[PDB]
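Shown below: input-v4.txt, with compact mmCIF, C-alpha atoms.
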# COMPACT_ATOMS: atom_id res chain seq x y z
CA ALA A 2 101.32 95.17 108.26
CA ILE A 3 103.48 96.02 111.28
CA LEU A 4 106.55 95.99 109.03
CA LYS A 5 107.06 99.78 109.09
CA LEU A 6 105.46 102.56 111.15
CA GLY A 7 105.66 106.21 110.11
CA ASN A 8 102.73 108.30 111.41
CA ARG A 9 99.86 105.81 111.62
CA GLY A 10 97.22 104.98 114.23
CA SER A 11 97.39 101.22 114.66
CA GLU A 12 98.70 98.65 117.11
CA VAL A 13 101.34 101.37 117.26
CA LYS A 14 100.25 101.41 120.90
CA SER A 15 102.15 98.13 121.19
CA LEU A 16 105.24 99.90 119.90
CA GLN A 17 104.77 102.64 122.47
CA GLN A 18 104.30 100.03 125.18
CA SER A 19 107.55 98.39 124.11
CA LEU A 20 109.24 101.79 124.12
CA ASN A 21 108.07 102.40 127.68
CA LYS A 22 109.54 99.00 128.54
CA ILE A 23 113.02 100.28 127.67
CA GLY A 24 112.85 103.54 129.62
CA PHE A 25 110.42 105.75 127.69
CA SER A 26 107.45 107.77 128.91
CA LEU A 27 105.18 107.73 125.86
CA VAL A 28 101.45 107.97 126.50
CA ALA A 29 100.71 104.61 124.82
CA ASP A 30 97.88 106.36 122.98
CA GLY A 31 98.23 104.16 119.89
CA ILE A 32 98.86 107.24 117.71
CA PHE A 33 102.28 107.82 116.12
CA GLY A 34 102.75 111.36 117.36
CA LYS A 35 105.84 113.52 117.25
CA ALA A 36 106.63 112.16 120.72
CA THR A 37 106.57 108.62 119.30
CA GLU A 38 108.73 109.67 116.35
CA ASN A 39 111.22 111.30 118.72
CA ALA A 40 111.35 108.14 120.84
CA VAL A 41 112.04 106.05 117.73
CA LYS A 42 114.74 108.52 116.65
CA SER A 43 116.31 108.27 120.10
CA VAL A 44 116.33 104.47 119.86
CA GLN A 45 118.00 104.67 116.45
CA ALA A 46 120.61 107.13 117.71
CA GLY A 47 121.38 104.94 120.71
CA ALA A 48 121.76 101.86 118.51
CA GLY A 49 123.85 103.63 115.87
CA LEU A 50 121.19 102.94 113.23
CA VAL A 51 120.12 105.32 110.49
CA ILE A 52 118.08 108.04 112.20
CA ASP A 53 114.86 108.46 110.21
CA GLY A 54 111.95 108.13 112.66
CA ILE A 55 110.65 105.01 110.89
CA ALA A 56 109.93 101.97 113.07
CA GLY A 57 111.51 99.53 110.65
CA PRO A 58 112.55 95.94 111.24
CA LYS A 59 116.00 97.22 112.26
CA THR A 60 114.50 99.59 114.83
CA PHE A 61 112.26 96.80 116.11
CA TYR A 62 115.25 94.50 116.48
CA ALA A 63 116.97 97.21 118.51
CA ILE A 64 113.87 97.64 120.69
CA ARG A 65 113.56 93.91 121.43
CA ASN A 66 117.32 93.79 122.18
CA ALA A 67 117.66 96.65 124.69
CA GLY A 68 118.88 99.32 122.30
CA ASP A 69 121.42 97.12 120.50
CA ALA A 70 121.22 96.83 116.72
CA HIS A 71 122.29 93.87 114.62
CA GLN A 72 125.78 94.35 113.20
CA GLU A 73 124.55 93.75 109.64
CA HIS A 74 122.03 96.60 109.85
CA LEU A 75 122.80 99.84 108.03
CA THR A 76 124.05 102.59 110.34
CA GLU A 77 124.09 106.37 110.14
CA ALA A 78 127.88 106.21 109.85
CA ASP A 79 127.47 103.96 106.81
CA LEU A 80 125.27 106.57 105.13
CA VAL A 81 127.73 109.33 106.04
CA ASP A 82 130.55 107.33 104.46
CA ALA A 83 128.47 106.75 101.33
CA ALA A 84 127.66 110.45 101.06
CA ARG A 85 131.34 111.30 101.50
CA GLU A 86 132.44 108.90 98.77
CA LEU A 87 129.69 110.31 96.53
CA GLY A 88 130.44 113.96 97.34
CA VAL A 89 126.83 114.78 98.26
CA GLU A 90 125.13 115.99 101.41
CA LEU A 91 124.07 113.44 103.98
CA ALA A 92 120.45 114.47 103.38
CA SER A 93 120.64 113.47 99.71
CA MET A 94 122.22 110.12 100.61
CA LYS A 95 119.57 109.46 103.27
CA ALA A 96 116.78 110.33 100.83
CA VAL A 97 118.18 108.04 98.15
CA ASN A 98 118.56 105.26 100.72
CA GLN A 99 114.98 105.71 101.92
CA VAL A 100 113.45 105.68 98.44
CA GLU A 101 115.65 103.39 96.33
CA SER A 102 116.83 100.67 98.72
CA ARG A 103 114.73 97.67 99.50
CA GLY A 104 113.55 97.56 103.08
CA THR A 105 116.36 95.39 104.41
CA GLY A 106 119.33 93.68 102.81
CA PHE A 107 118.53 90.34 104.48
CA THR A 108 115.38 88.31 105.02
CA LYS A 109 113.63 87.46 108.29
CA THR A 110 115.95 84.44 108.68
CA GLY A 111 119.17 86.39 108.08
CA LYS A 112 119.70 85.06 104.57
CA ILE A 113 120.64 87.75 102.07
CA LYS A 114 117.84 89.08 99.88
CA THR A 115 118.09 87.31 96.53
CA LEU A 116 116.20 87.13 93.26
CA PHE A 117 117.38 84.61 90.66
CA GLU A 118 116.94 85.73 87.05
CA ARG A 119 116.64 82.60 84.92
CA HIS A 120 116.88 84.44 81.60
CA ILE A 121 120.25 85.83 82.68
CA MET A 122 121.12 82.22 83.54
CA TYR A 123 120.21 81.24 79.98
CA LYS A 124 122.18 84.09 78.41
CA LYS A 125 125.28 83.37 80.50
CA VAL A 126 125.10 79.61 79.91
CA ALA A 127 124.72 80.09 76.15
CA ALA A 128 127.62 82.55 76.08
CA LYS A 129 129.90 80.25 78.11
CA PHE A 130 128.96 76.93 76.47
CA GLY A 131 127.27 75.98 73.23
CA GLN A 132 123.86 77.44 72.58
CA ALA A 133 122.99 73.75 72.28
CA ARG A 134 123.77 73.15 75.95
CA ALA A 135 121.79 76.29 76.81
CA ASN A 136 118.79 74.82 74.98
CA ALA A 137 119.23 71.43 76.66
CA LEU A 138 119.38 73.04 80.10
CA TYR A 139 116.30 75.07 79.18
CA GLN A 140 114.48 71.83 78.43
CA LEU A 141 115.69 70.08 81.59
CA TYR A 142 115.45 72.93 84.15
CA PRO A 143 113.18 75.64 82.71
CA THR A 144 112.86 77.20 86.17
CA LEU A 145 116.65 77.76 86.34
CA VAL A 146 117.67 78.18 82.68
CA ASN A 147 115.12 79.81 80.38
CA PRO A 148 115.15 82.47 77.63
CA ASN A 149 112.10 84.18 79.16
CA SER A 150 111.78 86.10 82.41
CA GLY A 151 112.06 84.03 85.54
CA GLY A 152 109.43 81.99 87.31
CA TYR A 153 110.15 83.66 90.64
CA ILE A 154 109.02 82.54 94.09
CA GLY A 155 109.23 83.94 97.62
CA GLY A 156 112.41 85.67 98.71
CA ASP A 157 114.09 82.92 100.73
CA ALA A 158 113.57 80.24 98.06
CA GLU A 159 115.58 82.35 95.62
CA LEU A 160 118.67 81.10 97.45
CA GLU A 161 117.56 77.53 96.67
CA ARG A 162 117.19 78.54 93.02
CA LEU A 163 120.69 80.04 93.11
CA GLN A 164 122.15 76.83 94.57
CA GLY A 165 120.39 74.76 91.92
CA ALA A 166 121.89 76.97 89.23
CA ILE A 167 125.34 76.78 90.81
CA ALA A 168 124.99 73.01 90.52
CA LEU A 169 124.98 73.63 86.76
CA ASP A 170 127.67 76.33 86.72
CA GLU A 171 128.81 78.43 89.67
CA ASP A 172 130.04 81.50 87.79
CA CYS A 173 126.92 81.82 85.63
CA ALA A 174 124.61 81.21 88.59
CA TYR A 175 126.25 83.87 90.75
CA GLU A 176 126.18 86.29 87.82
CA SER A 177 122.48 85.54 87.17
CA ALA A 178 121.03 86.74 90.49
CA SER A 179 120.51 90.02 92.34
CA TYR A 180 121.39 90.37 96.02
CA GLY A 181 121.13 92.71 98.95
CA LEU A 182 119.75 96.06 99.99
CA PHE A 183 119.81 97.53 96.46
CA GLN A 184 119.39 94.25 94.54
CA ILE A 185 122.68 94.67 92.70
CA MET A 186 122.82 92.12 89.91
CA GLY A 187 125.62 89.58 90.06
CA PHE A 188 127.22 90.32 86.70
CA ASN A 189 127.69 93.95 87.81
CA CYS A 190 130.29 92.74 90.34
CA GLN A 191 133.21 94.45 88.59
CA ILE A 192 131.30 97.74 88.37
CA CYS A 193 131.02 97.66 92.18
CA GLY A 194 134.68 96.78 92.73
CA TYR A 195 134.74 92.98 92.80
CA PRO A 196 136.75 90.59 90.61
CA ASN A 197 133.90 88.09 90.14
CA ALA A 198 130.28 87.61 91.20
CA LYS A 199 131.01 85.03 93.91
CA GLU A 200 133.23 87.45 95.83
CA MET A 201 130.61 90.20 95.63
CA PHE A 202 128.02 87.77 97.01
CA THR A 203 130.24 86.57 99.87
CA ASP A 204 131.20 90.12 100.85
CA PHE A 205 127.54 91.12 100.69
CA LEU A 206 127.02 88.43 103.32
CA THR A 207 128.97 90.58 105.81
CA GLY A 208 126.32 93.27 106.18
CA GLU A 209 124.25 96.00 104.59
CA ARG A 210 127.26 98.35 104.51
CA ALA A 211 128.84 96.34 101.70
CA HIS A 212 125.53 96.62 99.84
CA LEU A 213 125.51 100.40 100.31
CA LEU A 214 129.11 100.85 99.16
CA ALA A 215 128.59 98.64 96.09
CA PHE A 216 125.50 100.74 95.33
CA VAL A 217 127.64 103.87 95.70
CA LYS A 218 130.17 102.51 93.21
CA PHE A 219 127.31 101.57 90.88
CA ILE A 220 126.03 105.16 91.02
CA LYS A 221 129.55 106.46 90.38
CA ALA A 222 129.70 104.21 87.30
CA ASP A 223 126.90 106.21 85.62
CA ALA A 224 128.41 109.67 85.21
CA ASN A 225 125.09 111.28 84.28
CA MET A 226 123.20 109.55 87.09
CA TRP A 227 125.92 110.58 89.55
CA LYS A 228 125.70 114.15 88.23
CA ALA A 229 121.92 114.11 88.64
CA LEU A 230 122.34 113.00 92.25
CA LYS A 231 124.95 115.72 92.82
CA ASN A 232 122.64 118.35 91.30
CA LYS A 233 119.72 117.03 93.40
CA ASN A 234 118.01 116.46 90.04
CA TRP A 235 115.58 113.94 91.49
CA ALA A 236 113.70 113.46 88.21
CA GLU A 237 116.85 112.72 86.21
CA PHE A 238 118.30 110.39 88.84
CA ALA A 239 114.98 108.54 89.12
CA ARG A 240 114.71 108.23 85.34
CA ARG A 241 118.20 106.76 85.04
CA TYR A 242 117.96 104.45 88.07
CA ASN A 243 114.25 103.63 88.39
CA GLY A 244 113.49 103.67 84.65
CA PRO A 245 111.24 105.58 82.26
CA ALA A 246 108.16 105.12 84.48
CA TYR A 247 109.82 106.85 87.45
CA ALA A 248 106.99 109.39 87.38
CA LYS A 249 104.26 106.74 87.47
CA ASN A 250 105.61 105.59 90.85
CA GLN A 251 106.34 109.10 92.21
CA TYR A 252 110.00 108.12 92.61
CA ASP A 253 111.30 111.65 92.03
CA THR A 254 108.60 113.07 94.31
CA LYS A 255 109.50 110.54 96.99
CA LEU A 256 113.17 111.50 96.71
CA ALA A 257 112.31 115.20 96.99
CA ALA A 258 110.11 114.68 100.05
CA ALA A 259 112.73 112.53 101.77
CA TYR A 260 115.37 115.18 101.11
CA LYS A 261 113.13 117.91 102.52
CA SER A 262 112.56 115.85 105.66
CA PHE A 263 116.32 115.22 106.04
CA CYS A 264 117.49 118.82 105.46
Represent the structure of the file as structure tokens.
Amino acid sequence: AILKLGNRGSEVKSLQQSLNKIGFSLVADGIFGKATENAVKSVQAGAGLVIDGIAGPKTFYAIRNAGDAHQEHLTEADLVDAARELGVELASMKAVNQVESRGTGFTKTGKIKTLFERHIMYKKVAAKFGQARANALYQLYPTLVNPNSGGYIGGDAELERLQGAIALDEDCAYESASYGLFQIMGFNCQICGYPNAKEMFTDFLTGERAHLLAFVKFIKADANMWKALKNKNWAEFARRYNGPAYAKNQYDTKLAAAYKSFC
């Protein structure tokens, strides 16, 4: 579980060793102290990454690459731009990013994070063609076209599912999957400033910044959710974005804590 490292005592010593390998003087105690957090923050600042103190996959990539971050990784400047376009403080934007985004917008192999929703495939296929063809495709490929919620698999295979659906119809397939750092759904392409789903997907392939800006436009689409974000109404924003059970997952509390730590 070396994916992220906040304030734990673990093989965090390894991290500290690696930090010392790039010009740091951490004690290598194995405990994520404030010294360790400051070293991670320094690495993020040097790489241009989002400065949060969290040893994420992006920070680890920077550490293994001599302080250079991958161009598709989300940067502090990206978050500043998102906050500007949203008219909120950088701290609010950073909190929302920390809580609401998925870890990374791309998988371990660099493929974009995808989840194919087969019931959306069914709805789109039925709407575009006869309900009869929707039923036939349900019978033939129930994993790709199906009235009921999808039979998902691991993250990378979702791209294979998307290609299989595109084999049936490209537009429907691209509209029937969610991509990227905030798992924007394909059919919401126009809401995020794209003419069709395929273009939103391709642009999302450029980097996590496109994901963030599409997410910003998505927030701007919901006037009440945008207002809740502006008012730092964490409970309201969580209810509108995360759903009715936002409390059950401490989403509003997580947003509040992140904001406090980014003041």
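Across the model, the gap from atom CA of residue 238 of chain A to atom CA of residue 215 of chain A is 17.2 Å.
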Exercise: residue 155 of chain A partners within 10 Å, all atoms listed in the file, chain neighbours under 5 positions left out, as a ChimeraX atom specification:
/A:115-116,160
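Contact shell of segment 52-58 of chain A at 7 Å (all atoms listed in the file; same-chain neighbours under 6 positions omitted): residues 4, 5, 6, 7, 38, 39, 41, 42, 45, 46 and 77 of chain A.
Reported to one decimal place, the separation of atom CA of residue 147 of chain A from atom CA of residue 212 of chain A is 27.7 Å.
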For a quick check of understanding, using all atoms listed in the file, which of A:12, A:253, A:90, A:176 has the smallest distance to residue 32 of chain A?
A:12
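Atom pair atom CA of residue 163 of chain A / atom CA of residue 120 of chain A: separated by 12.9 Å.
With only C-alpha atoms as the basis for measurement, A:201 is the residue among A:127, A:222, A:248, A:201 that approaches residue 184 of chain A most closely.
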Calculated over all atoms listed in the file, which of the candidates A:203, A:246, A:197, A:87 has the smallest distance to residue 216 of chain A?
A:87
Within 10 Å of residue 82 of chain A, counting only C-alpha atoms, which residues qualify if same-chain residues fewer than 5 places away don't, as a VMD selection string?
chain A and resid 76 to 77 87 to 88 91 94 210 213 to 214 217
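Omitting residue 198 of chain A and its sequence neighbours fewer than 6 positions away, and counting all atoms listed in the file, the residues within 8 Å are residues 172, 175, 176, 187, 188, 189, 190 and 191 of chain A.
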Please list as a list in words every residue within 9 Å of residue 17 of chain A, counting only C-alpha atoms and excluding residues in the same chain fewer than 6 positions away.
residues 25, 26, 27, 28, 29, 30, 31, 32, 33, 37 and 40 of chain A
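Between residue 247 of chain A and the residues A:73, A:100, A:68, A:61, the shortest atom-to-atom distance, using all atoms listed in the file, involves A:100.
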Nearest residue to residue 162 of chain A out of A:142, A:107, A:123, A:242, using all atoms listed in the file?
A:142
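Among the candidates A:133, A:239, A:81, A:64, the one nearest to residue 257 of chain A when counting only C-alpha atoms is A:239.
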For segment 69-117 of chain A of the block above, can you save N, CA and C atoms as a PDB file, in the first residue's frame?
ATOM      1  N   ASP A  69      11.974  15.853 -11.891  1.00  0.00           N
ATOM      2  CA  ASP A  69      11.183  16.182 -13.067  1.00  0.00           C
ATOM      3  C   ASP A  69       9.875  15.407 -13.021  1.00  0.00           C
ATOM      4  N   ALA A  70       8.768  16.106 -13.242  1.00  0.00           N
ATOM      5  CA  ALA A  70       7.450  15.494 -13.222  1.00  0.00           C
ATOM      6  C   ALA A  70       6.984  15.205 -14.643  1.00  0.00           C
ATOM      7  N   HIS A  71       6.130  14.195 -14.776  1.00  0.00           N
ATOM      8  CA  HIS A  71       5.559  13.877 -16.076  1.00  0.00           C
ATOM      9  C   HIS A  71       4.639  15.003 -16.530  1.00  0.00           C
ATOM     10  N   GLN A  72       4.708  15.329 -17.821  1.00  0.00           N
ATOM     11  CA  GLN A  72       3.968  16.470 -18.341  1.00  0.00           C
ATOM     12  C   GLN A  72       2.461  16.312 -18.192  1.00  0.00           C
ATOM     13  N   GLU A  73       1.956  15.084 -18.092  1.00  0.00           N
ATOM     14  CA  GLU A  73       0.522  14.877 -17.945  1.00  0.00           C
ATOM     15  C   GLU A  73       0.059  14.954 -16.497  1.00  0.00           C
ATOM     16  N   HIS A  74       0.972  15.153 -15.552  1.00  0.00           N
ATOM     17  CA  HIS A  74       0.593  15.253 -14.152  1.00  0.00           C
ATOM     18  C   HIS A  74       0.080  16.653 -13.834  1.00  0.00           C
ATOM     19  N   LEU A  75      -0.892  16.711 -12.927  1.00  0.00           N
ATOM     20  CA  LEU A  75      -1.522  17.974 -12.566  1.00  0.00           C
ATOM     21  C   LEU A  75      -0.548  18.847 -11.779  1.00  0.00           C
ATOM     22  N   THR A  76      -0.458  20.118 -12.155  1.00  0.00           N
ATOM     23  CA  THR A  76       0.497  21.034 -11.552  1.00  0.00           C
ATOM     24  C   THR A  76      -0.230  22.048 -10.682  1.00  0.00           C
ATOM     25  N   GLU A  77       0.540  22.714  -9.820  1.00  0.00           N
ATOM     26  CA  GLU A  77      -0.022  23.789  -9.008  1.00  0.00           C
ATOM     27  C   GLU A  77      -0.612  24.888  -9.884  1.00  0.00           C
ATOM     28  N   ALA A  78       0.068  25.224 -10.984  1.00  0.00           N
ATOM     29  CA  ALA A  78      -0.458  26.227 -11.903  1.00  0.00           C
ATOM     30  C   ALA A  78      -1.813  25.809 -12.459  1.00  0.00           C
ATOM     31  N   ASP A  79      -1.986  24.518 -12.748  1.00  0.00           N
ATOM     32  CA  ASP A  79      -3.281  24.037 -13.218  1.00  0.00           C
ATOM     33  C   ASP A  79      -4.369  24.333 -12.195  1.00  0.00           C
ATOM     34  N   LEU A  80      -4.091  24.049 -10.920  1.00  0.00           N
ATOM     35  CA  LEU A  80      -5.077  24.293  -9.873  1.00  0.00           C
ATOM     36  C   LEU A  80      -5.351  25.782  -9.717  1.00  0.00           C
ATOM     37  N   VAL A  81      -4.312  26.610  -9.840  1.00  0.00           N
ATOM     38  CA  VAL A  81      -4.507  28.055  -9.767  1.00  0.00           C
ATOM     39  C   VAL A  81      -5.417  28.519 -10.895  1.00  0.00           C
ATOM     40  N   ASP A  82      -5.188  28.009 -12.106  1.00  0.00           N
ATOM     41  CA  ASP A  82      -6.032  28.376 -13.238  1.00  0.00           C
ATOM     42  C   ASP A  82      -7.473  27.937 -13.010  1.00  0.00           C
ATOM     43  N   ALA A  83      -7.662  26.731 -12.471  1.00  0.00           N
ATOM     44  CA  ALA A  83      -9.013  26.253 -12.199  1.00  0.00           C
ATOM     45  C   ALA A  83      -9.706  27.135 -11.169  1.00  0.00           C
ATOM     46  N   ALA A  84      -8.991  27.493 -10.101  1.00  0.00           N
ATOM     47  CA  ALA A  84      -9.561  28.373  -9.089  1.00  0.00           C
ATOM     48  C   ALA A  84      -9.922  29.725  -9.685  1.00  0.00           C
ATOM     49  N   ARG A  85      -9.051  30.268 -10.540  1.00  0.00           N
ATOM     50  CA  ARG A  85      -9.347  31.536 -11.197  1.00  0.00           C
ATOM     51  C   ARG A  85     -10.624  31.440 -12.018  1.00  0.00           C
ATOM     52  N   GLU A  86     -10.719  30.420 -12.872  1.00  0.00           N
ATOM     53  CA  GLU A  86     -11.907  30.283 -13.706  1.00  0.00           C
ATOM     54  C   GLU A  86     -13.158  30.056 -12.865  1.00  0.00           C
ATOM     55  N   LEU A  87     -13.011  29.464 -11.680  1.00  0.00           N
ATOM     56  CA  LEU A  87     -14.146  29.241 -10.793  1.00  0.00           C
ATOM     57  C   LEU A  87     -14.399  30.397  -9.832  1.00  0.00           C
ATOM     58  N   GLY A  88     -13.498  31.371  -9.762  1.00  0.00           N
ATOM     59  CA  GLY A  88     -13.679  32.480  -8.838  1.00  0.00           C
ATOM     60  C   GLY A  88     -13.682  32.076  -7.380  1.00  0.00           C
ATOM     61  N   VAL A  89     -12.811  31.142  -6.999  1.00  0.00           N
ATOM     62  CA  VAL A  89     -12.682  30.705  -5.617  1.00  0.00           C
ATOM     63  C   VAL A  89     -11.210  30.764  -5.234  1.00  0.00           C
ATOM     64  N   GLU A  90     -10.953  30.714  -3.929  1.00  0.00           N
ATOM     65  CA  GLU A  90      -9.575  30.723  -3.461  1.00  0.00           C
ATOM     66  C   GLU A  90      -8.860  29.450  -3.892  1.00  0.00           C
ATOM     67  N   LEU A  91      -7.537  29.549  -4.017  1.00  0.00           N
ATOM     68  CA  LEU A  91      -6.749  28.370  -4.351  1.00  0.00           C
ATOM     69  C   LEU A  91      -6.936  27.269  -3.318  1.00  0.00           C
ATOM     70  N   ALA A  92      -7.122  27.631  -2.048  1.00  0.00           N
ATOM     71  CA  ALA A  92      -7.284  26.614  -1.015  1.00  0.00           C
ATOM     72  C   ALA A  92      -8.532  25.774  -1.256  1.00  0.00           C
ATOM     73  N   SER A  93      -9.642  26.416  -1.626  1.00  0.00           N
ATOM     74  CA  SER A  93     -10.861  25.675  -1.931  1.00  0.00           C
ATOM     75  C   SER A  93     -10.651  24.735  -3.112  1.00  0.00           C
ATOM     76  N   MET A  94     -10.013  25.232  -4.174  1.00  0.00           N
ATOM     77  CA  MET A  94      -9.752  24.394  -5.339  1.00  0.00           C
ATOM     78  C   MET A  94      -8.876  23.202  -4.976  1.00  0.00           C
ATOM     79  N   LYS A  95      -7.830  23.435  -4.181  1.00  0.00           N
ATOM     80  CA  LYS A  95      -6.937  22.353  -3.785  1.00  0.00           C
ATOM     81  C   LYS A  95      -7.666  21.330  -2.926  1.00  0.00           C
ATOM     82  N   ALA A  96      -8.537  21.794  -2.027  1.00  0.00           N
ATOM     83  CA  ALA A  96      -9.318  20.874  -1.207  1.00  0.00           C
ATOM     84  C   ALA A  96     -10.233  20.016  -2.071  1.00  0.00           C
ATOM     85  N   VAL A  97     -10.944  20.651  -3.005  1.00  0.00           N
ATOM     86  CA  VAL A  97     -11.858  19.908  -3.865  1.00  0.00           C
ATOM     87  C   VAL A  97     -11.083  18.905  -4.705  1.00  0.00           C
ATOM     88  N   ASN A  98      -9.920  19.310  -5.218  1.00  0.00           N
ATOM     89  CA  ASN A  98      -9.075  18.383  -5.962  1.00  0.00           C
ATOM     90  C   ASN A  98      -8.686  17.191  -5.099  1.00  0.00           C
ATOM     91  N   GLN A  99      -8.233  17.457  -3.874  1.00  0.00           N
ATOM     92  CA  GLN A  99      -7.767  16.384  -3.002  1.00  0.00           C
ATOM     93  C   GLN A  99      -8.881  15.391  -2.695  1.00  0.00           C
ATOM     94  N   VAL A 100     -10.091  15.884  -2.447  1.00  0.00           N
ATOM     95  CA  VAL A 100     -11.169  15.007  -1.993  1.00  0.00           C
ATOM     96  C   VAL A 100     -11.914  14.352  -3.152  1.00  0.00           C
ATOM     97  N   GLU A 101     -12.228  15.104  -4.209  1.00  0.00           N
ATOM     98  CA  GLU A 101     -13.165  14.644  -5.228  1.00  0.00           C
ATOM     99  C   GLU A 101     -12.502  13.938  -6.399  1.00  0.00           C
ATOM    100  N   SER A 102     -11.286  14.328  -6.758  1.00  0.00           N
ATOM    101  CA  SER A 102     -10.613  13.682  -7.870  1.00  0.00           C
ATOM    102  C   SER A 102     -10.255  12.242  -7.526  1.00  0.00           C
ATOM    103  N   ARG A 103     -10.128  11.426  -8.564  1.00  0.00           N
ATOM    104  CA  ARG A 103      -9.496  10.141  -8.350  1.00  0.00           C
ATOM    105  C   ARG A 103      -7.998  10.383  -8.228  1.00  0.00           C
ATOM    106  N   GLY A 104      -7.288   9.394  -7.702  1.00  0.00           N
ATOM    107  CA  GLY A 104      -5.868   9.581  -7.473  1.00  0.00           C
ATOM    108  C   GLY A 104      -5.157  10.252  -8.635  1.00  0.00           C
ATOM    109  N   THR A 105      -5.153   9.572  -9.776  1.00  0.00           N
ATOM    110  CA  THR A 105      -4.477  10.032 -10.975  1.00  0.00           C
ATOM    111  C   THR A 105      -5.410   9.891 -12.168  1.00  0.00           C
ATOM    112  N   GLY A 106      -5.209  10.741 -13.172  1.00  0.00           N
ATOM    113  CA  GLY A 106      -6.051  10.658 -14.350  1.00  0.00           C
ATOM    114  C   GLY A 106      -5.684   9.557 -15.324  1.00  0.00           C
ATOM    115  N   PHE A 107      -4.546   8.896 -15.117  1.00  0.00           N
ATOM    116  CA  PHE A 107      -4.077   7.836 -15.996  1.00  0.00           C
ATOM    117  C   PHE A 107      -3.598   6.663 -15.154  1.00  0.00           C
ATOM    118  N   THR A 108      -3.631   5.472 -15.752  1.00  0.00           N
ATOM    119  CA  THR A 108      -3.234   4.263 -15.048  1.00  0.00           C
ATOM    120  C   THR A 108      -1.711   4.130 -15.002  1.00  0.00           C
ATOM    121  N   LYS A 109      -1.260   3.027 -14.402  1.00  0.00           N
ATOM    122  CA  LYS A 109       0.166   2.750 -14.264  1.00  0.00           C
ATOM    123  C   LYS A 109       0.871   2.651 -15.610  1.00  0.00           C
ATOM    124  N   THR A 110       0.147   2.290 -16.667  1.00  0.00           N
ATOM    125  CA  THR A 110       0.714   2.167 -18.004  1.00  0.00           C
ATOM    126  C   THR A 110       0.543   3.415 -18.859  1.00  0.00           C
ATOM    127  N   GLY A 111       0.011   4.497 -18.302  1.00  0.00           N
ATOM    128  CA  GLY A 111      -0.184   5.720 -19.048  1.00  0.00           C
ATOM    129  C   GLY A 111      -1.497   5.809 -19.792  1.00  0.00           C
ATOM    130  N   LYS A 112      -2.281   4.737 -19.819  1.00  0.00           N
ATOM    131  CA  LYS A 112      -3.595   4.794 -20.437  1.00  0.00           C
ATOM    132  C   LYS A 112      -4.524   5.604 -19.543  1.00  0.00           C
ATOM    133  N   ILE A 113      -5.457   6.328 -20.160  1.00  0.00           N
ATOM    134  CA  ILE A 113      -6.347   7.161 -19.363  1.00  0.00           C
ATOM    135  C   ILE A 113      -7.270   6.278 -18.533  1.00  0.00           C
ATOM    136  N   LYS A 114      -7.632   6.773 -17.352  1.00  0.00           N
ATOM    137  CA  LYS A 114      -8.520   6.034 -16.465  1.00  0.00           C
ATOM    138  C   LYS A 114      -9.917   5.998 -17.067  1.00  0.00           C
ATOM    139  N   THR A 115     -10.435   4.793 -17.286  1.00  0.00           N
ATOM    140  CA  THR A 115     -11.719   4.617 -17.943  1.00  0.00           C
ATOM    141  C   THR A 115     -12.578   3.631 -17.171  1.00  0.00           C
ATOM    142  N   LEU A 116     -13.885   3.873 -17.213  1.00  0.00           N
ATOM    143  CA  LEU A 116     -14.883   2.906 -16.770  1.00  0.00           C
ATOM    144  C   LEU A 116     -16.005   2.908 -17.794  1.00  0.00           C
ATOM    145  N   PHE A 117     -16.270   1.749 -18.392  1.00  0.00           N
ATOM    146  CA  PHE A 117     -17.299   1.636 -19.417  1.00  0.00           C
ATOM    147  C   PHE A 117     -18.619   1.236 -18.772  1.00  0.00           C
TER     148      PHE A 117
END
